[PDB]
Amino acid sequence: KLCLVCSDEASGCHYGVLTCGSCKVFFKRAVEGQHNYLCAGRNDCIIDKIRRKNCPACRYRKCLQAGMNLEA
Amino acid sequence: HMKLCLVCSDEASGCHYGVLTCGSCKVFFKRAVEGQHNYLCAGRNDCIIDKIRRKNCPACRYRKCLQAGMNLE
DNA sequence: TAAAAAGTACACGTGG
DNA sequence: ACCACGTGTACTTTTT
Ligand SMILES: [Zn+2]
Ligand SMILES: [Zn+2]
Ligand SMILES: [Zn+2]
Ligand SMILES: [Zn+2]
């Protein structure tokens with residue numbers, strides 16, 4: 001089973017979406033915080049296990065488009 | 001009129017490893033050349049490297065260091 | 001007596 | 001919670 005945000009090994013159904021632990025914690029942190037992230041490319045970065053660290057802007061966007069939300 | 005880092009356009013501090021750079025790019029290059037680091041670009045290998053965004057893509061930042069001529073000797 | 005460039009070390013923030 | 005890791009500033013050493 002695979003995190004729909006980064007393709008790492010999923011941990012569970014977190015905030016609506018099958019995701020890994022790091023993406024779960026990441027999303028909670030992004031929402032619940034003054035987080036003004038800026039993409040260095042084209043707001044279309046690749047989010048896999050390594051690259052996910054590179055662009056929190058695109059990882060968060062992808063969290064959202066995947067449907068994550070703090071309310072179930 | 002102040003000196004600009006040829007890698008990231010922050011204010012340079014001096015000529016480091018052959019190239020006019022900021023302190024941050026001086027030590028970033030040294031670390032990249034001496035350590036073995038798996039840098040991948042999440043974009044198209046043309047990410048914007050400025051003071052605000054240089055942390056996002058080490059792979060592109062290192063490539064620009066190289067292209068600019070930085071060398072450890 | 002000093003500037004430039006190289007080396008070293010501490011604090012910090014994000015991430016897992 | 002807690003530690004690893006990348007980063008950037010500031011300091012010291014070496015160089016000229
Ligand atoms: Zn994930
Ligand atoms: Zn991006
Ligand atoms: Zn720079
Ligand atoms: Zn890049």
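All values below come from the heavy atoms of this structure, side chains included, with hydrogens, waters and symmetry mates left out. So that the names make sense, note that chain A is the first sequence line, chain B the second, and so on, each numbered from 1.
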Mind checking B:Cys15 for me? I need base, sugar-phosphate or nothing, with any heavy atom below 4.0 Å counting as a touch. sugar-phosphate
Among residues two or more places apart or on two chains, list those pairs meeting ring-ring contact (aromatic ring centres under 6.0 Å, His included) that have a residue in residues 39-58 of chain B. B:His37-B:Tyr39
Could you check which residues of residues 40-73 of chain B get a heavy atom under 4.0 Å from DNA chain D? Sort them by number, please. B:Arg54, B:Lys55, B:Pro58, B:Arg61
Please report the interatomic distance SG(A:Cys45) to CG(A:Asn43), rounded to the nearest 0.5 Å. 8.0 Å
Closest heavy-atom contact between B:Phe29 and B:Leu72? CE2-N, 4.2 Å
To the closest 0.5 Å, what do you measure between OG (A:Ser11) and CG (A:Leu18)? 9.0 Å
Linked hydrophobic residues, B:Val27 as query - side chain contacts closer than 4.5 Å: none
Grouping ILVMFWY residues whenever side-chain heavy atoms fall under 4.5 Å, the cluster of A:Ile50 otherwise contains B:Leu40
At what distance, to the nearest 0.5 angstrom, does CD1 of A:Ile46 lie from OG of A:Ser7? 11.5 Å
Round to a whole Å and report the spacing from NE2 of B:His16 to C1' of D:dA10. 13 Å
Quick one: salt bridge (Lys or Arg N to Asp or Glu O under 4.0 Å) pairs with a partner in residues 15-35 of chain A, sequence neighbours left out? A:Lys28-A:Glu32
Residue pairs fulfilling salt bridge (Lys or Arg N to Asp or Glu O under 4.0 Å) with at least one residue in residues 38-53 of chain A, sequence neighbours excluded: A:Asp8-A:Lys49, A:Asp8-A:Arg52, A:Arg42-B:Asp46, A:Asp48-A:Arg51
Send over the distance from B:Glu11 CD to D:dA10 P, rounded to a whole Å. 12 Å
Extract, from 5' to 3' on DNA chain C, the first and final nucleotides lying under 4.0 angstrom from some heavy atom of chain A. C:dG15 to C:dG16
How far, in whole Å, is D:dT14 from C:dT1 if one measures between their P atoms? 23 Å
Is any side-chain heavy atom of A:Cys58 closer than 4.5 Å to one of A:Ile47? yes
Are A:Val17 and A:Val31 co-members of a hydrophobic cluster defined by side-chain heavy atoms under 4.5 Å apart? yes
Keeping to residues at least two apart or across chains, list the salt bridge (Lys or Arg N to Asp or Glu O under 4.0 Å) pairs with something in residues 56-67 of chain A. none
Please list residues of residues 23-30 of chain A whose heavy atoms come under 4.0 Å from any atom in DNA chain D, ordered by number; otherwise none. none
Quick one: the dot-bracket string of DNA chain D, using Watson-Crick and G-U wobble pairs with both distances under 3.5 Å, [ ] for crossing pairs and | for bases paired to another strand. .|.|||||||||||.|
Given B:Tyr17, B:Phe28, B:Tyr62, the one that forms side-chain contact (heavy atoms from CB on, under 4.5 Å) with B:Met70: B:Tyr17
